[PDB]
Structures are given as C-alpha cells and as structure tokens.
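Novice: Okay, here's the structure, questions in a sec.
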Amino acid sequence: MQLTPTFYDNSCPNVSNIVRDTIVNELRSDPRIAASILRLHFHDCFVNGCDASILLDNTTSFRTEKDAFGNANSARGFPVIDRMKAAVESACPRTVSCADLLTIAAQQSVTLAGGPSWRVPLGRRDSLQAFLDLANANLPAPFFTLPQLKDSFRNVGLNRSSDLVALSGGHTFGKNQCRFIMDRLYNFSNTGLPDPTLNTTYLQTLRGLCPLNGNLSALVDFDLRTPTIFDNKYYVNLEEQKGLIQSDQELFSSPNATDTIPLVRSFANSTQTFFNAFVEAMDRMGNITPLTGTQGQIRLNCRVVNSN
Ligand code: HEM
Ligand SMILES: O=C(NO)c1ccccc1
Ligand SMILES: [Ca+2]
Ligand SMILES: [Ca+2]
C-alpha cells in the first residue's frame, strides 16, 4: 500500500507531539541532536529502505549496521529514539513502527531547527534484520566524486539531480570530524597540497581546528554561517568555495556539476525554493522500498526484533 500522512490520525493522533516534545527536551542539553536524528533517518533509508534496520543492536544471527563505515563512532542519538518509542508505546501500545517514528523525528528535527514544516507520509513497518554489508556498500563516502555521488543516489531510486543537491542541504547544520577533511587540508589526491577548491582563508581556519598531529575526532561545523540553524546558508558557502567536505564542494566545483550548479545558485538565493525542494526530496527518500501492510512488524523495542 501507499504511505499516507494520515496513517495514525485515528490510532495515535498525538504521536507527532510526543516526538516533538522529546526532541525539544533533548535539545536543551544537546543542541546537536536534531542534526544527529535527521542523519539517522538518512542512513536508515539508504540501506534496504526506511525500515528501522539501523536501530537494531548486534545479535548472533546478524551484525548491526551501527558497525558500518560511516556509522561506527559517528552515528548517534540512539537513546533519544528509545525515549521517544517508550513514550509513544505508553500512549499507543504496539501502534507506531520504529521506521515511522524515526521518519517523524527527522521531520520534527528539521522544523525545530528552523526548517520547513510538513506532514510526512507514514505506514512503514520494521525490518526483521540489519544489513551491515549492504550499509557498507550503499552509504556514500565523503571522498566520492560527483558522478559517484550521483550513482549512489540513483542506486536507491533517487535519480534526480535535485534529490542530490536538495538532500545535501542537510549539511546546513551538524558537525563533521577532522578525520574526514584531513586530505583536503594537507594532502589532497596524493598531491601533497591542499584541495584547490577550498577557499584559502577558510583553509587556514580549518587547519587551526584540525592540526596535522591533532585530534582526528575533533568536531567542525558543517555550516560556518549558521551552524545550528536549518537554512539555505549551506549553498551560499559552496559559492564561496567554503563547502566543508569534498562531496559538498563538488556540487559546485566539479567538472561534472553542469546540472547541479544551477540548483545550487537557485537554492542559495531562495529559502522558499530550497525548502520546497528539500521537502519533496525528503518524501522521495522516505519512500525507498518500505515494508507495508503485512510485511515486517511493529517493533516494541527499536533495538530488537519482537519475540512472539
Ligand atoms: C551526499 C552524500 C553525503 C555524504 C558523503 C555525507 C557525509 C557526511 C559525513 C562525513 C559526516 C560527518 C560524520 C562524522 O564526523 O562523524 C556527515 C554528517 C551529517 N550528515 Fe551527511 N553526508 C551525505 C549526505 C547527507 C544527507 C542526504 C543528509 C540528510 C538529508 C545528511 C545529514 C547529515 C547531518 C545532519 C550530519 C551531522 C550529524 C551530527 O552532527 O550528528 N548527510 N555526513
Ligand atoms: O555519512 C556518511 N555517509 O552518508 C559517511 C561518513 C563517513 C564515511 C563514510 C560515509
Ligand atoms: Ca534501513
Ligand atoms: Ca545553517
């Protein structure tokens, strides 16, 4: 069946508010949680669809996706998702799937951070297993070239250039570890020189935050203009060659960016245009091979498959 935003309007009408309240409370002690949650949803959807497979803990039958390159010592916010699920289960027992919960949490996170507000289609169910090997092959890496980023998205059904450019806008907030930009800073492409597409003045600031022999786990803001606000500033940075990671700047500086540049220019000069495109791309991503109707289950605890 098709996903619909009205799925819980009768069975659990306040699920949206329960999710929002949880994030609002968490934001007070962790201003980064909204960014972390949106990212969890993205990593869920790109591996076998938005089926909450990423939330499963390791078992003797399958390995957790939390160990995947890109998730290990990177993804976070799991206990917050647990709190959300516990609250929803008390109000609406065995009604809301973890897959749908993570979807609503991602939308609310964007809205709470100043982004657009919309009702996400719902009705997804939870997977019976995790897919580590698939996660290690499906998640795009920061060193991918533009054509490789395009292939990665097309691989899961997001075959429009707007999907890539709009969803990349999720880097309008959140943090990135020094380790993922060390090459751009000191030795790009085995050349011994920094990435020529990185603004030289910005390069100095970044080198100060990520010293050659420093802490590779140190965090840097993805968006130097409004680090915690969900807006179109991410695109303005690209125009000034101030995109933080390689995959960011390529949207504007790659020799294959013929079709992405116009979107970047458009999004950088119109919040409304970017927000509309982001909502459309988000709903498309949220529709990647979902389990519906009778497939999968409604997990009682997002970390484990139901017993019986
Ligand atoms: C186009 C390919 C993409 C690549 C190569 C990529 C790469 C990365 C990397 C390297 C990090 C830093 C991880 C760390 O330092 O631990 C990150 C964080 C993040 N990404 Fe992406 N990303 C991509 C797409 C997306 C998309 C589509 C979204 C969501 C719509 C997204 C949302 C985020 C957020 C919000 C964070 C920060 C999370 C936090 O602060 O906890 N990313 N991404
Ligand atoms: O966030 C990622 N992919 O979306 C990612 C992060 C680091 C290494 C590999 C991939
Ligand atoms: Ca998944
Ligand atoms: Ca921002």
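Residue names in the structure tokens use chain letters A, B, ... in the order shown, residue numbers from 1 in each chain, and ligand numbers from 1 in the order shown.
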Report as number ranges by chain which protein, DNA and RNA residues come within 7 Å of ligand 4, using only C-alpha atoms and all ligand atoms.
Specialist: A: 172-173, 223, 225-234
Novice: What's around range 33-37 of chain A at 10 Å? Count only C-alpha atoms, leave out sequence neighbours fewer than 2 positions away in its own chain, and write the answer as number ranges by chain.
Specialist: A: 23-24, 26-31, 39-43, 74-78, 80-81, 102-103, 105-113, 170-175, 228-230
Novice: Which residues are near ligand 2 - at most 6 Å, using only C-alpha atoms and all ligand atoms? Format: as a ChimeraX atom specification.
Specialist: /A:69-70,139-141
Novice: Any chance you could export the current selection's N, CA and C atoms as a compact mmCIF listing (two decimals), in the first residue's frame?
Specialist:
# COMPACT_ATOMS: atom_id res chain seq x y z
N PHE A 69 30.98 1.38 8.17
CA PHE A 69 31.87 2.52 7.93
C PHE A 69 30.91 3.66 7.63
N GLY A 70 30.94 4.69 8.47
CA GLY A 70 30.03 5.81 8.27
C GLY A 70 29.12 5.92 9.48
N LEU A 139 26.05 3.44 1.60
CA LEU A 139 26.26 4.78 2.12
C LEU A 139 27.34 5.52 1.34
N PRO A 140 27.03 6.73 0.86
CA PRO A 140 28.03 7.49 0.10
C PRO A 140 29.16 7.94 1.01
N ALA A 141 30.37 8.01 0.48
CA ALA A 141 31.53 8.44 1.26
C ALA A 141 31.89 9.87 0.88
Novice: Could you give me, as JSON, numbers by chain, the residues within 9 Å of range 253-267 of chain A, counting only C-alpha atoms and dropping anything in the same chain fewer than 3 positions from it?
Specialist: {"A": [145, 146, 147, 161, 162, 164, 165, 166, 197, 232, 233, 235, 236, 238, 239, 241, 249, 250, 270, 271, 272, 273, 274, 275, 277]}
Novice: Give me every strand (DSSP E or B) residue in range 14-248 of chain A, going by DSSP on the backbone, as a list in words.
Specialist: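 Listing strand (DSSP E or B) positions across range 14-248 of chain A yields residues 122, 126, 175, 176, 177, 219, 220 and 221 of chain A.
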Novice: Please save N, CA, C and O atoms of the selected residues as a PDB file, in the first residue's frame.
Specialist:
ATOM      1  N   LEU A 122       3.214   8.203   6.169  1.00  0.00           N
ATOM      2  CA  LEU A 122       3.509   7.177   7.160  1.00  0.00           C
ATOM      3  C   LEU A 122       2.897   5.835   6.794  1.00  0.00           C
ATOM      4  O   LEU A 122       2.168   5.719   5.809  1.00  0.00           O
ATOM      5  N   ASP A 126       8.736  -2.227  10.479  1.00  0.00           N
ATOM      6  CA  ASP A 126      10.117  -2.517  10.861  1.00  0.00           C
ATOM      7  C   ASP A 126      10.694  -3.830  10.340  1.00  0.00           C
ATOM      8  O   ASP A 126      10.018  -4.860  10.327  1.00  0.00           O
ATOM      9  N   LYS A 175      27.737  18.506  12.797  1.00  0.00           N
ATOM     10  CA  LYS A 175      29.194  18.504  12.871  1.00  0.00           C
ATOM     11  C   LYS A 175      29.865  17.418  12.030  1.00  0.00           C
ATOM     12  O   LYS A 175      29.234  16.430  11.643  1.00  0.00           O
ATOM     13  N   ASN A 176      31.156  17.614  11.777  1.00  0.00           N
ATOM     14  CA  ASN A 176      31.976  16.691  10.995  1.00  0.00           C
ATOM     15  C   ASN A 176      33.339  16.550  11.673  1.00  0.00           C
ATOM     16  O   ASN A 176      33.920  17.541  12.124  1.00  0.00           O
ATOM     17  N   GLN A 177      33.851  15.323  11.745  1.00  0.00           N
ATOM     18  CA  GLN A 177      35.146  15.075  12.377  1.00  0.00           C
ATOM     19  C   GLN A 177      36.312  15.492  11.495  1.00  0.00           C
ATOM     20  O   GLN A 177      36.264  15.357  10.273  1.00  0.00           O
ATOM     21  N   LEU A 219      35.525  17.963  16.377  1.00  0.00           N
ATOM     22  CA  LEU A 219      34.393  18.315  15.530  1.00  0.00           C
ATOM     23  C   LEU A 219      34.430  19.723  14.948  1.00  0.00           C
ATOM     24  O   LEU A 219      34.849  20.674  15.610  1.00  0.00           O
ATOM     25  N   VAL A 220      33.978  19.842  13.702  1.00  0.00           N
ATOM     26  CA  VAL A 220      33.930  21.117  12.991  1.00  0.00           C
ATOM     27  C   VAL A 220      32.506  21.311  12.467  1.00  0.00           C
ATOM     28  O   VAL A 220      31.853  20.343  12.073  1.00  0.00           O
ATOM     29  N   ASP A 221      32.024  22.552  12.469  1.00  0.00           N
ATOM     30  CA  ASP A 221      30.674  22.845  11.988  1.00  0.00           C
ATOM     31  C   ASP A 221      30.605  22.715  10.471  1.00  0.00           C
ATOM     32  O   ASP A 221      31.484  23.200   9.761  1.00  0.00           O
TER      33      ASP A 221
END
Novice: Which residues of range 6-53 of chain A come within 9 Å of range 279-294 of chain A, and what is each one's closest atom pair and distance in Å (one decimal), counting only C-alpha atoms, sorted by chain and residue number, as JSON lines?
Specialist:
{"residue": "A:41", "atom": "CA", "partner": "A:286", "partner_atom": "CA", "distance": 8.4}
{"residue": "A:42", "atom": "CA", "partner": "A:285", "partner_atom": "CA", "distance": 7.8}
{"residue": "A:45", "atom": "CA", "partner": "A:288", "partner_atom": "CA", "distance": 6.4}
{"residue": "A:46", "atom": "CA", "partner": "A:288", "partner_atom": "CA", "distance": 7.6}
{"residue": "A:48", "atom": "CA", "partner": "A:289", "partner_atom": "CA", "distance": 6.8}
{"residue": "A:49", "atom": "CA", "partner": "A:288", "partner_atom": "CA", "distance": 4.8}
{"residue": "A:50", "atom": "CA", "partner": "A:290", "partner_atom": "CA", "distance": 5.9}
{"residue": "A:51", "atom": "CA", "partner": "A:290", "partner_atom": "CA", "distance": 6.3}
Novice: Please indicate the distance in Å from CA of residue 124 in chain A to CA of residue 20 in chain A, rounded to one decimal place.
Specialist: 19.3 Å
Novice: Need to verify the contact set: residue 121 in chain A, 7 Å, only C-alpha atoms, exclusion of same-chain residues closer than 4 positions in sequence. Can you return it as a ChimeraX atom specification?
Specialist: /A:3-5
Novice: Find the spatial neighbours of residue 300 in chain A, counting only C-alpha atoms, within a cut-off of 9 Å - ignore same-chain residues fewer than 5 positions away - and output them as a list in words.
Specialist: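 Close residues of residue 300 in chain A: residues 85, 86, 89, 93, 94, 95, 96, 97, 98, 305 and 306 of chain A.
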Novice: Identify, on the basis of only C-alpha atoms, every residue whose closest approach to residue 193 in chain A does not exceed 12 Å; exclude the query and any residue fewer than 5 positions from it along the same chain; express the result as number ranges by chain.
Specialist: A: 182-188, 198, 200, 203
Novice: Would you work out the distance separating atom 30 (C, counted along the ligand's line) of ligand 1 from CA of residue 156 in chain A, expressed in Å to one decimal?
Specialist: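 It comes out at 14.2 Å.
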Novice: Here is a test: counting only C-alpha atoms and all ligand atoms, which residue of A:168, A:53, A:25, A:6 is nearest to ligand 3?
Specialist: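 When distances to ligand 3 are compared using only C-alpha atoms and all ligand atoms, the smallest one comes from A:53.
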Novice: Ranking A:16, A:189, A:276, A:155 by minimum distance to residue 246 in chain A and counting only C-alpha atoms, which one comes first?
Specialist: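 Looking only at the distances to residue 246 in chain A, the closest residue turns out to be A:189.
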Novice: Mind the document's chain letters and residue numbers, and return as number ranges by chain the residues of range 86-284 of chain A that DSSP labels helix (DSSP H, G or I).
Specialist: A: 86-91, 98-112, 132-138, 146-154, 161-172, 178-180, 182-186, 188-190, 200-209, 233-239, 246-253, 261-268, 271-284
Novice: How about saving the chosen residues, C-alpha atoms kept, as an mmCIF file, in the first residue's frame?
Specialist:
data_model
loop_
_atom_site.group_PDB
_atom_site.id
_atom_site.type_symbol
_atom_site.label_atom_id
_atom_site.label_comp_id
_atom_site.auth_asym_id
_atom_site.auth_seq_id
_atom_site.Cartn_x
_atom_site.Cartn_y
_atom_site.Cartn_z
ATOM 1 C CA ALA A 86 8.825 4.361 25.217
ATOM 2 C CA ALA A 87 6.611 7.457 25.431
ATOM 3 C CA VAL A 88 4.670 6.518 22.290
ATOM 4 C CA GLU A 89 4.206 2.918 23.432
ATOM 5 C CA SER A 90 2.534 4.135 26.647
ATOM 6 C CA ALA A 91 0.113 6.329 24.697
ATOM 7 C CA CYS A 98 10.254 2.494 14.705
ATOM 8 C CA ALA A 99 10.640 3.176 10.972
ATOM 9 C CA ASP A 100 7.800 5.723 11.093
ATOM 10 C CA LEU A 101 8.988 7.103 14.431
ATOM 11 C CA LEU A 102 12.439 7.846 13.008
ATOM 12 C CA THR A 103 10.785 9.485 9.999
ATOM 13 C CA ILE A 104 8.647 11.791 12.145
ATOM 14 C CA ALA A 105 11.626 12.506 14.399
ATOM 15 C CA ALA A 106 13.657 13.603 11.365
ATOM 16 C CA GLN A 107 10.959 15.968 10.101
ATOM 17 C CA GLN A 108 10.396 17.476 13.561
ATOM 18 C CA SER A 109 14.164 17.887 13.957
ATOM 19 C CA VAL A 110 14.304 19.908 10.729
ATOM 20 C CA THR A 111 11.311 22.048 11.722
ATOM 21 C CA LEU A 112 12.585 22.633 15.264
ATOM 22 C CA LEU A 132 25.779 -4.384 7.592
ATOM 23 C CA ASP A 133 27.348 -5.453 4.288
ATOM 24 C CA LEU A 134 24.693 -3.503 2.370
ATOM 25 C CA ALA A 135 25.277 -0.441 4.542
ATOM 26 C CA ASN A 136 28.997 -0.643 3.802
ATOM 27 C CA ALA A 137 28.240 -0.543 0.084
ATOM 28 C CA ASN A 138 25.245 1.818 -0.050
ATOM 29 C CA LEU A 146 30.202 13.973 -8.229
ATOM 30 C CA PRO A 147 29.421 11.127 -10.667
ATOM 31 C CA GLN A 148 29.920 8.676 -7.795
ATOM 32 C CA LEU A 149 27.577 10.651 -5.541
ATOM 33 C CA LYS A 150 25.016 10.575 -8.355
ATOM 34 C CA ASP A 151 25.377 6.800 -8.786
ATOM 35 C CA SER A 152 24.982 6.298 -5.046
ATOM 36 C CA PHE A 153 21.651 8.138 -5.028
ATOM 37 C CA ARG A 154 20.396 6.602 -8.273
ATOM 38 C CA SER A 161 19.869 15.950 -9.634
ATOM 39 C CA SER A 162 17.570 17.892 -7.294
ATOM 40 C CA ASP A 163 17.429 14.882 -4.954
ATOM 41 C CA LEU A 164 21.199 15.053 -4.510
ATOM 42 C CA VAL A 165 21.517 18.829 -4.279
ATOM 43 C CA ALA A 166 18.476 19.319 -2.037
ATOM 44 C CA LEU A 167 19.217 16.478 0.389
ATOM 45 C CA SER A 168 22.870 17.539 0.626
ATOM 46 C CA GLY A 169 21.376 20.621 2.269
ATOM 47 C CA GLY A 170 21.117 18.561 5.434
ATOM 48 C CA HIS A 171 24.674 19.775 5.990
ATOM 49 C CA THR A 172 23.236 23.171 6.824
ATOM 50 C CA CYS A 178 38.572 16.402 11.416
ATOM 51 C CA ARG A 179 39.476 12.969 10.037
ATOM 52 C CA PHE A 180 37.165 13.371 7.040
ATOM 53 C CA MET A 182 42.498 15.962 6.614
ATOM 54 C CA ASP A 183 43.341 15.181 2.975
ATOM 55 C CA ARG A 184 41.664 18.367 1.708
ATOM 56 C CA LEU A 185 43.744 20.295 4.228
ATOM 57 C CA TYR A 186 47.219 18.806 3.870
ATOM 58 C CA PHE A 188 44.681 16.020 -1.498
ATOM 59 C CA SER A 189 44.783 13.228 -4.094
ATOM 60 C CA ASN A 190 48.368 12.256 -3.224
ATOM 61 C CA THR A 200 42.409 29.691 1.143
ATOM 62 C CA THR A 201 41.349 31.869 4.064
ATOM 63 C CA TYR A 202 38.923 29.157 5.206
ATOM 64 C CA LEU A 203 41.740 26.619 4.779
ATOM 65 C CA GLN A 204 43.695 28.488 7.453
ATOM 66 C CA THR A 205 40.774 28.406 9.884
ATOM 67 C CA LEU A 206 40.235 24.695 9.271
ATOM 68 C CA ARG A 207 43.935 23.872 9.679
ATOM 69 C CA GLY A 208 43.753 25.552 13.067
ATOM 70 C CA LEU A 209 40.834 23.361 14.095
ATOM 71 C CA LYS A 233 23.299 29.151 4.022
ATOM 72 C CA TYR A 234 24.896 25.809 3.131
ATOM 73 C CA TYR A 235 24.577 26.724 -0.564
ATOM 74 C CA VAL A 236 25.999 30.233 -0.130
ATOM 75 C CA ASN A 237 29.137 28.640 1.347
ATOM 76 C CA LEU A 238 29.519 26.442 -1.748
ATOM 77 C CA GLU A 239 29.522 29.532 -3.982
ATOM 78 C CA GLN A 246 34.731 17.080 -0.695
ATOM 79 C CA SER A 247 31.237 15.825 -1.574
ATOM 80 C CA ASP A 248 29.853 19.229 -0.513
ATOM 81 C CA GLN A 249 32.065 21.427 -2.710
ATOM 82 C CA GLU A 250 31.817 19.122 -5.736
ATOM 83 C CA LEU A 251 28.159 20.104 -6.117
ATOM 84 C CA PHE A 252 29.518 23.464 -7.247
ATOM 85 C CA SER A 253 33.148 22.937 -8.313
ATOM 86 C CA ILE A 261 25.346 24.377 -10.258
ATOM 87 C CA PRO A 262 22.014 25.968 -11.321
ATOM 88 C CA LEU A 263 20.252 24.272 -8.401
ATOM 89 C CA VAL A 264 22.950 25.457 -6.017
ATOM 90 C CA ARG A 265 22.608 29.036 -7.282
ATOM 91 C CA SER A 266 18.838 28.757 -7.055
ATOM 92 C CA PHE A 267 18.807 27.330 -3.520
ATOM 93 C CA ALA A 268 21.420 29.810 -2.301
ATOM 94 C CA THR A 271 14.893 29.843 1.010
ATOM 95 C CA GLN A 272 11.398 29.007 -0.206
ATOM 96 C CA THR A 273 12.748 27.289 -3.306
ATOM 97 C CA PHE A 274 15.207 25.245 -1.242
ATOM 98 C CA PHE A 275 12.626 24.315 1.413
ATOM 99 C CA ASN A 276 10.144 23.142 -1.240
ATOM 100 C CA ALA A 277 12.813 21.037 -2.955
ATOM 101 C CA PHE A 278 14.028 19.653 0.387
ATOM 102 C CA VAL A 279 10.551 18.529 1.440
ATOM 103 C CA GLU A 280 9.991 16.880 -1.947
ATOM 104 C CA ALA A 281 13.359 15.098 -1.842
ATOM 105 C CA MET A 282 12.811 14.038 1.776
ATOM 106 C CA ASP A 283 9.464 12.459 0.951
ATOM 107 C CA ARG A 284 11.026 10.682 -2.020
#
Novice: Would you please work out which residue, of A:142, A:194, A:243, A:211, is nearest to ligand 1 when using only C-alpha atoms and all ligand atoms?
Specialist: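 The answer is A:142, which sits nearest to ligand 1.
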Novice: Could you check which of A:307, A:301, A:295, A:71 is closest to ligand 1, using only C-alpha atoms and all ligand atoms?
Specialist: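 Of A:307, A:301, A:295, A:71, the one nearest ligand 1, counting only C-alpha atoms and all ligand atoms, is A:71.
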Novice: As an exercise, work out the distance from CA of residue 10 in chain A to CA of residue 115 in chain A in Å and give it to one decimal place.
Specialist: 27.0 Å
